[PDB]
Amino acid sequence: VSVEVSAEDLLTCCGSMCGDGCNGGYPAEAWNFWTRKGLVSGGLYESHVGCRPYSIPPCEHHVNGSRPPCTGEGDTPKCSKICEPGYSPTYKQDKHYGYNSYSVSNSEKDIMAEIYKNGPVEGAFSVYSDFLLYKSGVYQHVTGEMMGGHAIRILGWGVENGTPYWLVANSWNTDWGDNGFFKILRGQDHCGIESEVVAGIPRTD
């Protein structure tokens, strides 16, 4: 048994506590929303899966592809505390909450331990122009200019071509990168990947 937890719901309903919608936020505040308010289900765009599916359509991020190009940002849709037609039960009763939420030390051993023990985390790293060209292998930043932080999902580690890496999921769809996943250098706090990691534990019954 498994749930796709709604990005729509957290994007649109957290409010200023999480930052500014489609113009950026605070992932530690996002894990504290879930612990306080909870998060309902909701799928991928047009999926009609869950309470609140994601309403911003896909596009090509920096790749060629069939979809429309991505625009800067857009309009954060709004918080509707109701599910879609056809979904049952009610929004309130589709909430899932977290027991708790925490920072994980800037220590690859600590971060290997959290994942290992408890499953994937959220981190964030600085993106530089050379990133966007990521097709495969282990990512190491050589050139480019700085473009801000990118919050990701880190789901493992390994060694490739002698390079210790982190295995990360991006949100740029399946056609960017390594099928939308990537590897970035481990153990050096490369591009800040080890400094901004947060997680928490589900609340059970």
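Residue positions are given as counts along the sequence shown, with the first one as 1.
- According to the PDB record, 102-110 carries the higher mean C-alpha B-factor of the two stretches 87-95 and 102-110.
- Taking only CA atoms, the mean B-factor in the PDB entry is higher for 132-140 than for the other of 132-140 and 168-176.
- When the C-alpha B-factors of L44, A28, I152, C59 are read from the PDB record, the largest value belongs to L44.
- As recorded in the PDB entry, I82 shows the highest C-alpha B-factor of the residues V127, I82, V121, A124.
- When the modelled residues of the chain are ordered by their C-alpha B factor, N64 lands in the lowest third.
- Placement of the Cα temperature factor of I201 within the chain: highest third of the modelled residues, per the deposited record.
- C14: CA B factor in the lowest third of modelled residues in this chain (values from the PDB entry).
- Looking at the C-alpha B-factors along this chain, the one for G162 belongs to the middle third.
- Compared with the other modelled residues of the chain, the Cα B-factor recorded for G38 ranks in the lowest third.
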